[PDB]
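Undergrad: Below is one structure. I have some questions about it.
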Amino acid sequence: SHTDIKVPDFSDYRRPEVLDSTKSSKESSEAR
Amino acid sequence: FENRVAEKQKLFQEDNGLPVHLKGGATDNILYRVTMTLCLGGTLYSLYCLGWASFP
Amino acid sequence: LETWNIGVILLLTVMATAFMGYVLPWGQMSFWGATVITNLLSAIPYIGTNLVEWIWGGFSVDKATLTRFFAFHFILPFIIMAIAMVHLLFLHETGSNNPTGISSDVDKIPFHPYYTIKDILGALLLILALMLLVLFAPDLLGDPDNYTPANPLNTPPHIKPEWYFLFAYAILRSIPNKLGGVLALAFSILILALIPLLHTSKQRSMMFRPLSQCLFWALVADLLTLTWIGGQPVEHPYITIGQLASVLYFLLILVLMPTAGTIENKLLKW
Amino acid sequence: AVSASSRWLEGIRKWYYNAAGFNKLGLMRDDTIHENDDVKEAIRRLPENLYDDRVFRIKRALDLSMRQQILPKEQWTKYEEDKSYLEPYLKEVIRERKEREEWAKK
Amino acid sequence: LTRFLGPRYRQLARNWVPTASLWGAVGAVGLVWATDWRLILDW
Amino acid sequence: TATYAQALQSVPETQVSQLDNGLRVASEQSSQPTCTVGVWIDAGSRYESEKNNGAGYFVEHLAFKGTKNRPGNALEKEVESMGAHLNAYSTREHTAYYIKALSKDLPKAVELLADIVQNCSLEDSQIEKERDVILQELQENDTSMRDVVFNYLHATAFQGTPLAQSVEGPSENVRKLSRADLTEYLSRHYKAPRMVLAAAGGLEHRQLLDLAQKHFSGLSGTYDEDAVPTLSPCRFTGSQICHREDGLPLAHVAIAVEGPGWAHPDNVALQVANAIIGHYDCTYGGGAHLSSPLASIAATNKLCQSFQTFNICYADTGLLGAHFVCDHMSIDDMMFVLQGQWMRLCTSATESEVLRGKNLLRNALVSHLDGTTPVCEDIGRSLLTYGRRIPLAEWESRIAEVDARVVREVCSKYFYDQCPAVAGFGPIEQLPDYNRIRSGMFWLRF
Amino acid sequence: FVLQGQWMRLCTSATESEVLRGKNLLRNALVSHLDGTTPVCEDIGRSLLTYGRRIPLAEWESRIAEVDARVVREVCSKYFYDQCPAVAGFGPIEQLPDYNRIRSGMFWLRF
Amino acid sequence: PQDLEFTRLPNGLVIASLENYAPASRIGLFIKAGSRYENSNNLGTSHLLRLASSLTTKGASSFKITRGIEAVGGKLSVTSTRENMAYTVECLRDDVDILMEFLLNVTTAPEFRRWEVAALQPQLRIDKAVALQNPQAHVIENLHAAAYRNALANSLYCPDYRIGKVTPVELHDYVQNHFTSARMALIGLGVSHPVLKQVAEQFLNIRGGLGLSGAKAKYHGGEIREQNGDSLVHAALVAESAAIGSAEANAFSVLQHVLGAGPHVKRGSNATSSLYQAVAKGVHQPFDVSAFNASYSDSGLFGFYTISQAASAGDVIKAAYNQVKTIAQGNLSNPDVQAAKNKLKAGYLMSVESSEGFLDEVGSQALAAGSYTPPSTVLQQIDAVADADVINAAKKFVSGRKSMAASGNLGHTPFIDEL
Amino acid sequence: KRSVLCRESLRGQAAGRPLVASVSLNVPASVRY
Amino acid sequence: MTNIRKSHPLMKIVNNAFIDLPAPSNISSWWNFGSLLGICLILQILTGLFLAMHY
Amino acid sequence: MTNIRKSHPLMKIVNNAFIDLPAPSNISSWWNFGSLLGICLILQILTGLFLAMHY
Ligand code: HEM
Ligand code: HEM
């Protein structure tokens, strides 16, 4: 149930700074 | 009367890494900034007056 | 407190209303009364002067001012009704205090059964007074006899506000300085909102405290005394009196009563 | 140094109570207090006897007020009988709150 | 009155001045547009 | 006589030591009866790929059910008859297996542990027996709002990252999971340097270092490559996940703002901050008089059932916030007080308030360390987390630098104008709209 | 509110249906009580000091039979309409209606 | 470095101390009032007492108390036992003094004010509700009231009907009779004994004999059964154990462990647990069983605990019995007793490997014995148990008045005559 | 409430000195054996 | 509730501050000035609107 | 509650019909006419009072 549920891909919806899968959003997040 | 120098000694000896002119609280801080503000402003105002008086 | 602060606003709003309506008819008393009150605002040092001129819509009180008062007189009362209801709202959250000064929760009554007749009866007497006045002595209470169309060079040497505003005019007179008089005029009325903070006794009810019952009455009679001054030539006799009445009023409110409170509390051992 | 003045004050205090409505009413002096947040808590702290008493007293009192009738001369509250029963309770409530402020302050 | 005053409170006051200080500046700006001082305009 | 400070400096220092392969040895001595020896491996959930999302967690069910040396129930029998306890815990960053045991039992203790880590006899039967069990645990974890919600938090503040996966892992990855896959997992991540062999109590470091035997050393490039995949940043996302079930009696809400890695000066100052807000339950004896407002309000107004602030610390990520359970009709009021407590904290902290939290910290951080098991986990985990230091006496110092202005400026980085991570398992009908919780993190009014 | 309401409705708005059902209820009430020896004995004893020496049992049905919705309406309005109540409570009576409210409930302007 | 240091005073209150190395010190005054000290008319009073620790007292107002400990980051925990009532107090080395003065007010100067005690009341329900969430508590409670008649049969939580009825003179009385000198034992984990004593001497001298509550013990076999709607069923089967700190007892403990099934391995199944094996074989897939062992001053309770599903209740329940009968028939090999023993020994040591643990252990001993028995000695005693001894004890459960408590769907739960 | 379906739950009570010891504290609260 | 006119309409409930409200027993004649206060506000208004119908 | 500005003043609570109230999600642009309707009444009003300041 809860374990099965997982977030829908937000890459298209998501901002460019947070778009990357393997890197930090902290040093990219503030500008957004 | 009172006699609570002992409380203040402790307050001021407290190792908070603060300079004596601030070691005493928040008021120390406002007093400081007020003083500093008035001085700088005044100094600015004085320079204006001199620039003004330099001319005929 | 919250109910008190609305009241106060109420009081002052009506006060504005009454001041502009009386000017609508544009008669000698009205004409001048507006000038001298409005101008009394020009006491303020930096702005005043500019500001008196904005309120008037020009340099004097010609048409421009006259239509303004008509519009604000009209719209104040509607705004005030909203206030009244807001006032009622707050009061409904703690109910009506009593002569004893203690909670009555242990004694509570139907408002419908009892207080609807009381209120209707109250009306009955209220109307009575309003028709008694209006039918038998229409002008009696309306001091001003100036049914004279306003002539801007002409002046009734005896210029004064109505009975409601009579106290305000008197307060201004006791101070030599203009500005000092405007502050003290505002403080007359505006001093109301202090009284909460002034309260010193443990009995919110004056009912059990003689001494305040005496100074309460005196203030009322000082208030009557002041109203009298209002229709008085501004000469020595009245000046000297008003001045001590204006100090008495602020003493009664600011200093006497509050102390009396304490005293009574201490005599009761409270 | 109060022997004569205070003595007059003691006599005066009885007069003050007599002057005060509560003694005339027959209700206790303690009961008369402006019901605010501290009184309120004190109030709540009262025993059934003390506390139900204050309810009847005020009941009997607001009844009289409603009818504009005074109680008989024989049944009135005498100054010499100053039950300051709220006082004890009321003090602490304040005491607690004054502290609270001290702890909050520092 | 007395209860409000405290040794502890100072940080809030300091913080308030900036927000308060920032707020104060806005009024001058707000007043100035309405006021239209020639000197203010000159500034 | 003796005074806090003194005691502090007098505490037995931790000895960190290394084997040839990187096996880390630590230990704190007391010459006491019981001992808790432990192997704190640091290959967690966050290294798992979508498939092996629950890999590690699966290994943990097999850890104690056989070694090629010690078959079917030979591990348990051994532990038991000694009177030793054996526990396995797994995190999103750290797997760990430890033994509690008489100090004289190190000999066969440390052997066992070592054995466990390396040889795990895992037959098809045990794999298919564990599956069923896991699938049944999963079902039972769905019965816990707090666990359901905290997972959610992670998933939404980590949306689009390896870190957002349940440690329990995906339902069907348990079904599917290839038997070959647990091997590669272990093989690639159990290779020290990762691992640390820690211990506390009555032992002599010398012997623990001497006593420890490494079955194998993961020099491996894959072992490095496997590590290499690990340690990448996980994108921070402020989203909410709202799973409403009016069927349930209460409401669980976990609200978070992303935070610092494991090591950071800001990271102790935070703690001191949460000391202040605190944590609260239906059964706290202080209720109305408790010195943290959320608690007092809560206590006073029957606002909530239980609430705790947390600081979840990961290498590249951190979850910060609190968590409150509260009736359907009180979700918003507790949100309001909480967030309110945050903002008040980064603008109006007072030295008094930060000094009380400070001291709370010390205690929380000394008292935890009471007992052998405790110390061992601090030493083990401390080494993969913070590296090979044992900041224990430093703490008081660092904790000491705390100032009301320090606390204020550090709190403002993380909470103020930042975008929250909120998840709930309704009655969430009254849960604040994301924008409302957002504007809660800046101060116009309220 | 509901009760007094019921009263009023009764003396202005009774419908034959409604009265006919109550009618029948009465019969039963009045027959079933008389089941058993004790019950019959009390009716007979008490009946004699009450109603004098009659035993109106079979009459009843007749009397009960004369019942009409108009009969019931006129008979109820003698005793409940415009008449002053006798009200006692044993509080929480804090919400119990003011005597004048109860009173005005016995006549129909509105409510 | 320095070992503890007991000291019985003229009053009869014990006190110990261990200046440890580490930063955290913890006092804890253990008063001898358990639940067993209330009567039919006084039940539920300790409970409320336990929850009323932060109320105003003679020298410190509920506000100062709470805010004060918060000030410094301290914790105040009261531990209540059917026999005892530990009042714990943690804090930082430097702050013991501020804290101690708190512990002393709370315990010797309580002022239960009608208004304060009254607002608590409702807390009792909230507390009872949260602890009755674990079947273990209601069953385990049901057990004690079935198995006893009078004293230990009293439960730790206040009876539903009593809640609001807990009156302030009740609290005052309970403190007065039970919170006294002879029944007390101070215990410090980071304090000076010299300074501890002084304080003890100054603040803990109050008179009060035992049993003004009605002390006495007695065992009575009985069964309390609570029907539910829950799939799972829990039941306890228990016979008069041996008493506290006596040989028989000790034997029981060792026996307990030969069957005792408290997993020592996460996700791991016991190979060692006989009960589990035997039960297991005759039982279904999902089931949980554990041995139970309780020991008090004047009586004990030994036997097991089961968690089966509706239809399996009996099968498991008997299964477990049968196996414990085996040991009573004599069937028990040396190899298993020694394992047991070592299991026990390891446990007791880990029990005391923590401050909190140690502090409890010590106080505990001070209320029973009157002094601190060191670990080693402890360890020796447990070892002295004979392989036979164990059997013999076991013989006693099978041949000792039964007393059971269960919860859930009881279609398939054996009664007394069933087994 | 926590589901007790599998072989995992063994809970049974029996300690050395303490037996069924209930503790109530402001900081914390619980039930042991 | 059913057919309790007052709380049926929500609006009409708001009017039960007049009818059902807790009002103290004892109460000098002084308090009638609240009500009259409103009375006057309503009279001025009706009057005003007619005068301002020919002013 | 303590210091929850909104419910503190009773008056201020009444205003939380704007801020906290349940609002449907889906909702055409058409609804914005209610609010707009009220902006229009306020506009008209201020304007009117200034016009009727010189009419
Ligand atoms: C537009 C003028 C006003 C109207 C129509 C009005 C009306 C009312 C009415 C009908 C009542 C209830 C009965 C009573 O206590 O007399 C009342 C009570 C009250 N009014 Fe006014 N009022 C007005 C002005 C004011 C002013 C100017 C203030 C104070 C600044 C005020 C403060 C109060 C207070 C404090 C009470 C409650 C007293 C109590 O019963 O304890 N009122 N008002
Ligand atoms: C309590 C609020 C109000 C008060 C105190 C008040 C008072 C007055 C007074 C004192 C006058 C001067 C009349 C004279 O002596 O000749 C007046 C005139 C006037 N008022 Fe009112 N008024 C109020 C509300 C209103 C309202 C609501 C309206 C319109 C709806 C209105 C319309 C007028 C008009 C048209 C006149 C001018 C003609 C005349 O003298 O009668 N007033 N008002």
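Lettering and numbering for the structure tokens are positional, with chains as A, B, ... in the shown order, residues counted from 1 in each chain, and ligands counted from 1 in the shown order.
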Using only C-alpha atoms and all ligand atoms, which residues have at least one atom no more than 9 Å from ligand 2? Output them as a ChimeraX atom specification.
TA: /C:13-27,30,70-71,73-78,80,142,144,147,162 /J:40-55
Undergrad: Would you mind exporting C-alpha atoms of the selected residues as an mmCIF file, in the first residue's frame?
TA:
data_model
loop_
_atom_site.group_PDB
_atom_site.id
_atom_site.type_symbol
_atom_site.label_atom_id
_atom_site.label_comp_id
_atom_site.auth_asym_id
_atom_site.auth_seq_id
_atom_site.Cartn_x
_atom_site.Cartn_y
_atom_site.Cartn_z
ATOM 1 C CA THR C 13 -18.558 58.912 14.994
ATOM 2 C CA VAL C 14 -21.925 60.315 16.026
ATOM 3 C CA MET C 15 -20.042 63.279 17.092
ATOM 4 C CA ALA C 16 -18.933 63.978 13.571
ATOM 5 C CA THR C 17 -22.303 63.332 12.217
ATOM 6 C CA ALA C 18 -23.950 65.908 14.493
ATOM 7 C CA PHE C 19 -21.332 68.469 13.660
ATOM 8 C CA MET C 20 -21.938 68.297 9.921
ATOM 9 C CA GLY C 21 -25.734 68.006 9.944
ATOM 10 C CA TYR C 22 -26.125 71.183 11.937
ATOM 11 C CA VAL C 23 -24.319 72.993 9.137
ATOM 12 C CA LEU C 24 -26.476 71.689 6.389
ATOM 13 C CA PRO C 25 -29.183 74.283 6.961
ATOM 14 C CA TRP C 26 -26.467 76.905 6.405
ATOM 15 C CA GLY C 27 -27.641 79.420 8.990
ATOM 16 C CA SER C 30 -23.949 76.778 11.447
ATOM 17 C CA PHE C 70 -24.175 66.777 3.050
ATOM 18 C CA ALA C 71 -22.520 63.626 1.676
ATOM 19 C CA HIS C 73 -23.594 63.342 7.047
ATOM 20 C CA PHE C 74 -25.492 60.916 4.831
ATOM 21 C CA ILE C 75 -23.036 58.134 4.832
ATOM 22 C CA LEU C 76 -21.679 58.228 8.391
ATOM 23 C CA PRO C 77 -24.898 56.953 9.998
ATOM 24 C CA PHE C 78 -24.934 54.024 7.647
ATOM 25 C CA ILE C 80 -22.102 53.748 12.192
ATOM 26 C CA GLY C 142 -32.187 74.128 20.284
ATOM 27 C CA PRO C 144 -29.490 78.639 18.622
ATOM 28 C CA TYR C 147 -32.688 81.186 11.655
ATOM 29 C CA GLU C 162 -24.910 72.789 20.559
ATOM 30 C CA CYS J 40 -32.514 57.020 17.974
ATOM 31 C CA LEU J 41 -30.182 55.817 15.325
ATOM 32 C CA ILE J 42 -33.077 54.328 13.390
ATOM 33 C CA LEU J 43 -35.323 57.389 13.922
ATOM 34 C CA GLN J 44 -32.684 59.874 12.739
ATOM 35 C CA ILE J 45 -32.172 57.758 9.672
ATOM 36 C CA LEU J 46 -35.869 57.458 8.591
ATOM 37 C CA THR J 47 -36.199 61.152 9.361
ATOM 38 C CA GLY J 48 -32.974 62.068 7.530
ATOM 39 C CA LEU J 49 -33.892 60.180 4.426
ATOM 40 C CA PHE J 50 -37.239 61.984 4.219
ATOM 41 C CA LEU J 51 -35.661 65.394 4.846
ATOM 42 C CA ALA J 52 -32.976 64.550 2.313
ATOM 43 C CA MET J 53 -35.976 63.732 0.145
ATOM 44 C CA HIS J 54 -36.660 67.537 -0.036
ATOM 45 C CA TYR J 55 -33.376 69.293 0.896
#
Undergrad: Collect all residues with atoms no farther than 7 Å from ligand 1, counting only C-alpha atoms and all ligand atoms, and output them as a PyMOL selection string.
TA: (chain C and resi 3-12+14+80+84+88+91+95-97+192) or (chain J and resi 30-38+41)
Undergrad: Keeping N, CA and C atoms for every residue in the selection just given, could you write it to a file as a PDB file, in the first residue's frame?
TA:
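Saved result, result-v2.pdb, follows:
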ATOM      1  N   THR C   3     -15.366  46.042  23.910  1.00  0.00           N
ATOM      2  CA  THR C   3     -16.661  46.714  23.778  1.00  0.00           C
ATOM      3  C   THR C   3     -16.515  48.209  24.025  1.00  0.00           C
ATOM      4  N   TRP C   4     -15.786  48.595  25.057  1.00  0.00           N
ATOM      5  CA  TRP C   4     -15.476  49.988  25.432  1.00  0.00           C
ATOM      6  C   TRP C   4     -14.867  50.651  24.220  1.00  0.00           C
ATOM      7  N   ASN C   5     -13.828  50.157  23.596  1.00  0.00           N
ATOM      8  CA  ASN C   5     -13.212  50.783  22.438  1.00  0.00           C
ATOM      9  C   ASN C   5     -14.132  50.977  21.267  1.00  0.00           C
ATOM     10  N   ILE C   6     -15.063  50.068  21.029  1.00  0.00           N
ATOM     11  CA  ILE C   6     -16.071  50.300  19.991  1.00  0.00           C
ATOM     12  C   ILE C   6     -16.975  51.423  20.475  1.00  0.00           C
ATOM     13  N   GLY C   7     -17.342  51.283  21.791  1.00  0.00           N
ATOM     14  CA  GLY C   7     -18.267  52.373  22.171  1.00  0.00           C
ATOM     15  C   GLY C   7     -17.687  53.714  21.755  1.00  0.00           C
ATOM     16  N   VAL C   8     -16.478  53.887  22.208  1.00  0.00           N
ATOM     17  CA  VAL C   8     -15.753  55.138  22.011  1.00  0.00           C
ATOM     18  C   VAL C   8     -15.770  55.593  20.581  1.00  0.00           C
ATOM     19  N   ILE C   9     -15.521  54.636  19.692  1.00  0.00           N
ATOM     20  CA  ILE C   9     -15.584  54.956  18.271  1.00  0.00           C
ATOM     21  C   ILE C   9     -16.984  55.412  17.904  1.00  0.00           C
ATOM     22  N   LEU C  10     -17.973  54.671  18.386  1.00  0.00           N
ATOM     23  CA  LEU C  10     -19.379  55.013  18.204  1.00  0.00           C
ATOM     24  C   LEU C  10     -19.608  56.487  18.541  1.00  0.00           C
ATOM     25  N   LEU C  11     -19.340  56.794  19.810  1.00  0.00           N
ATOM     26  CA  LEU C  11     -19.520  58.112  20.371  1.00  0.00           C
ATOM     27  C   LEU C  11     -18.926  59.156  19.433  1.00  0.00           C
ATOM     28  N   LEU C  12     -17.651  58.926  19.051  1.00  0.00           N
ATOM     29  CA  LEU C  12     -16.980  59.931  18.230  1.00  0.00           C
ATOM     30  C   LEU C  12     -17.546  59.978  16.835  1.00  0.00           C
ATOM     31  N   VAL C  14     -20.669  59.553  15.965  1.00  0.00           N
ATOM     32  CA  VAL C  14     -21.925  60.315  16.026  1.00  0.00           C
ATOM     33  C   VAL C  14     -21.577  61.782  16.170  1.00  0.00           C
ATOM     34  N   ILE C  80     -21.891  53.902  10.759  1.00  0.00           N
ATOM     35  CA  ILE C  80     -22.102  53.748  12.192  1.00  0.00           C
ATOM     36  C   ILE C  80     -23.007  52.563  12.552  1.00  0.00           C
ATOM     37  N   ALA C  84     -22.279  49.766  15.290  1.00  0.00           N
ATOM     38  CA  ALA C  84     -23.166  49.392  16.388  1.00  0.00           C
ATOM     39  C   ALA C  84     -23.264  47.875  16.493  1.00  0.00           C
ATOM     40  N   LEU C  88     -22.423  45.486  19.481  1.00  0.00           N
ATOM     41  CA  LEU C  88     -23.266  44.391  19.918  1.00  0.00           C
ATOM     42  C   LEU C  88     -22.574  43.042  19.829  1.00  0.00           C
ATOM     43  N   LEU C  91     -20.154  42.443  22.720  1.00  0.00           N
ATOM     44  CA  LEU C  91     -20.877  42.449  23.966  1.00  0.00           C
ATOM     45  C   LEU C  91     -21.620  41.143  24.184  1.00  0.00           C
ATOM     46  N   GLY C  95     -22.088  39.195  27.863  1.00  0.00           N
ATOM     47  CA  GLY C  95     -23.339  39.622  28.518  1.00  0.00           C
ATOM     48  C   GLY C  95     -23.109  40.882  29.348  1.00  0.00           C
ATOM     49  N   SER C  96     -24.105  41.565  29.769  1.00  0.00           N
ATOM     50  CA  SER C  96     -24.434  42.698  30.564  1.00  0.00           C
ATOM     51  C   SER C  96     -24.086  42.666  32.035  1.00  0.00           C
ATOM     52  N   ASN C  97     -23.230  43.557  32.525  1.00  0.00           N
ATOM     53  CA  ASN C  97     -22.822  43.709  33.939  1.00  0.00           C
ATOM     54  C   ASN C  97     -24.065  44.255  34.710  1.00  0.00           C
ATOM     55  N   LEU C 192     -11.540  59.019  27.355  1.00  0.00           N
ATOM     56  CA  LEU C 192     -12.316  57.816  27.674  1.00  0.00           C
ATOM     57  C   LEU C 192     -11.616  56.483  27.669  1.00  0.00           C
TER      58      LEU C 192
ATOM     59  N   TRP J  30     -31.045  52.130  33.789  1.00  0.00           N
ATOM     60  CA  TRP J  30     -30.005  52.732  32.983  1.00  0.00           C
ATOM     61  C   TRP J  30     -29.709  52.020  31.695  1.00  0.00           C
ATOM     62  N   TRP J  31     -29.685  50.698  31.745  1.00  0.00           N
ATOM     63  CA  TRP J  31     -29.425  49.916  30.536  1.00  0.00           C
ATOM     64  C   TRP J  31     -30.376  50.055  29.401  1.00  0.00           C
ATOM     65  N   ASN J  32     -31.546  50.636  29.543  1.00  0.00           N
ATOM     66  CA  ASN J  32     -32.494  50.806  28.469  1.00  0.00           C
ATOM     67  C   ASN J  32     -31.887  51.785  27.460  1.00  0.00           C
ATOM     68  N   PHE J  33     -30.896  52.604  27.796  1.00  0.00           N
ATOM     69  CA  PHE J  33     -30.250  53.569  26.928  1.00  0.00           C
ATOM     70  C   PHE J  33     -29.496  52.882  25.807  1.00  0.00           C
ATOM     71  N   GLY J  34     -29.147  51.609  25.968  1.00  0.00           N
ATOM     72  CA  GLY J  34     -28.475  50.911  24.851  1.00  0.00           C
ATOM     73  C   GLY J  34     -29.507  50.883  23.702  1.00  0.00           C
ATOM     74  N   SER J  35     -30.484  50.001  23.829  1.00  0.00           N
ATOM     75  CA  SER J  35     -31.682  49.927  23.020  1.00  0.00           C
ATOM     76  C   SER J  35     -32.191  51.285  22.525  1.00  0.00           C
ATOM     77  N   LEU J  36     -32.530  52.226  23.408  1.00  0.00           N
ATOM     78  CA  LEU J  36     -32.970  53.550  22.970  1.00  0.00           C
ATOM     79  C   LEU J  36     -31.939  54.167  22.031  1.00  0.00           C
ATOM     80  N   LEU J  37     -30.667  53.820  22.284  1.00  0.00           N
ATOM     81  CA  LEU J  37     -29.552  54.353  21.516  1.00  0.00           C
ATOM     82  C   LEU J  37     -29.708  53.984  20.050  1.00  0.00           C
ATOM     83  N   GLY J  38     -30.162  52.743  19.925  1.00  0.00           N
ATOM     84  CA  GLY J  38     -30.395  52.212  18.593  1.00  0.00           C
ATOM     85  C   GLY J  38     -31.653  52.862  18.040  1.00  0.00           C
ATOM     86  N   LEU J  41     -30.929  55.890  16.539  1.00  0.00           N
ATOM     87  CA  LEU J  41     -30.182  55.817  15.325  1.00  0.00           C
ATOM     88  C   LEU J  41     -31.116  55.544  14.148  1.00  0.00           C
TER      89      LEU J  41
END
Undergrad: Would you list which chain H residues are within 12 Å of chain D using only C-alpha atoms, as a short mmCIF file (atom, residue, chain, number, x, y, z; two decimals) with N, CA and C atoms, in the first residue's frame?
TA:
data_model
loop_
_atom_site.label_atom_id
_atom_site.label_comp_id
_atom_site.auth_asym_id
_atom_site.auth_seq_id
_atom_site.Cartn_x
_atom_site.Cartn_y
_atom_site.Cartn_z
N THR H 56 1.51 21.88 42.29
CA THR H 56 2.16 22.76 43.28
C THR H 56 2.47 21.96 44.55
N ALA H 60 7.54 24.80 45.91
CA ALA H 60 7.63 25.07 44.48
C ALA H 60 6.34 24.84 43.72
N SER H 61 5.90 25.91 43.06
CA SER H 61 4.65 25.97 42.32
C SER H 61 4.77 25.18 41.01
N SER H 62 3.70 24.47 40.66
CA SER H 62 3.68 23.65 39.46
C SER H 62 4.42 24.29 38.31
N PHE H 63 4.28 25.61 38.19
CA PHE H 63 4.96 26.33 37.14
C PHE H 63 6.47 26.35 37.33
N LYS H 64 6.91 26.72 38.54
CA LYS H 64 8.35 26.77 38.74
C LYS H 64 8.92 25.32 38.50
N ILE H 65 8.36 24.32 39.19
CA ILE H 65 8.78 22.94 39.05
C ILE H 65 9.10 22.66 37.57
N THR H 66 8.07 22.71 36.73
CA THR H 66 8.18 22.32 35.33
C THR H 66 9.17 23.24 34.65
N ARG H 67 8.95 24.54 34.66
CA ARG H 67 9.80 25.47 33.97
C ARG H 67 11.23 25.35 34.50
N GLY H 68 11.35 25.01 35.74
CA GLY H 68 12.67 24.96 36.39
C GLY H 68 13.46 23.81 35.75
N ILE H 69 12.89 22.60 35.82
CA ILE H 69 13.64 21.48 35.24
C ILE H 69 13.88 21.79 33.79
N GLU H 70 12.91 22.37 33.09
CA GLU H 70 13.14 22.65 31.67
C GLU H 70 14.37 23.52 31.54
N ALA H 71 14.42 24.58 32.33
CA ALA H 71 15.51 25.54 32.34
C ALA H 71 16.86 24.89 32.06
N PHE H 112 -1.87 18.77 47.50
CA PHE H 112 -2.88 18.50 46.45
C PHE H 112 -4.04 19.46 46.55
N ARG H 113 -4.13 20.47 45.70
CA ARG H 113 -5.22 21.44 45.77
C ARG H 113 -6.47 21.04 45.03
N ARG H 114 -7.61 21.10 45.69
CA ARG H 114 -8.87 20.63 45.12
C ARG H 114 -8.91 20.95 43.63
N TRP H 115 -8.64 22.22 43.29
CA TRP H 115 -8.68 22.63 41.90
C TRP H 115 -7.66 21.95 41.03
N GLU H 116 -6.40 21.89 41.43
CA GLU H 116 -5.36 21.21 40.67
C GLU H 116 -5.59 19.72 40.50
N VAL H 117 -5.86 19.04 41.62
CA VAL H 117 -6.11 17.60 41.54
C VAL H 117 -7.27 17.34 40.60
N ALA H 118 -8.37 18.05 40.82
CA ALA H 118 -9.49 18.01 39.88
C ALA H 118 -9.16 18.15 38.40
N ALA H 119 -8.31 19.07 37.95
CA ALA H 119 -8.10 19.20 36.51
C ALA H 119 -7.31 17.94 36.05
N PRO H 168 -8.41 14.54 46.96
CA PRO H 168 -7.27 15.15 47.62
C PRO H 168 -6.93 14.67 48.99
#
Undergrad: With only C-alpha atoms as the counted atoms, please give the residues lying no more than 10 Å from residue 191 of chain C, apart from itself and same-chain residues fewer than 3 positions off, as a PyMOL selection string.
TA: chain C and resi 8+184-188+194-195+250+253-254
Undergrad: Tell me, as a count of residues only, which residues lie within 7 Å of residue 11 of chain E, counting only C-alpha atoms; anything in the same chain fewer than 2 positions away does not count.
TA: 8
Undergrad: What's around segment 396-411 of chain F at 6 Å? Count only C-alpha atoms, leave out sequence neighbours fewer than 6 positions away in its own chain, and write the answer as an MDAnalysis selection string.
TA: chainID F and resid 266 269 346 349:351 354
Undergrad: So how many Å separate atom CA of residue 121 of chain H and atom CA of residue 160 of chain H, to one decimal?
TA: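 Going from atom CA of residue 121 of chain H over to atom CA of residue 160 of chain H, I get 11.4 Å.
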Undergrad: What are the residues of chain H that have an atom within 8 Å of an atom of chain I, counting only C-alpha atoms, as a ChimeraX atom specification?
TA: /H:50-51,75-82,131,133-134,137,156,232,244-245,253,256,260-263,267-269,285-296,304-306,348,361,364-365
Undergrad: Could you please select, counting only C-alpha atoms, the residues of chain G within 12 Å of chain J and state them as a ChimeraX atom specification?
TA: /G:1-2,5,94-98,100-101,110-111
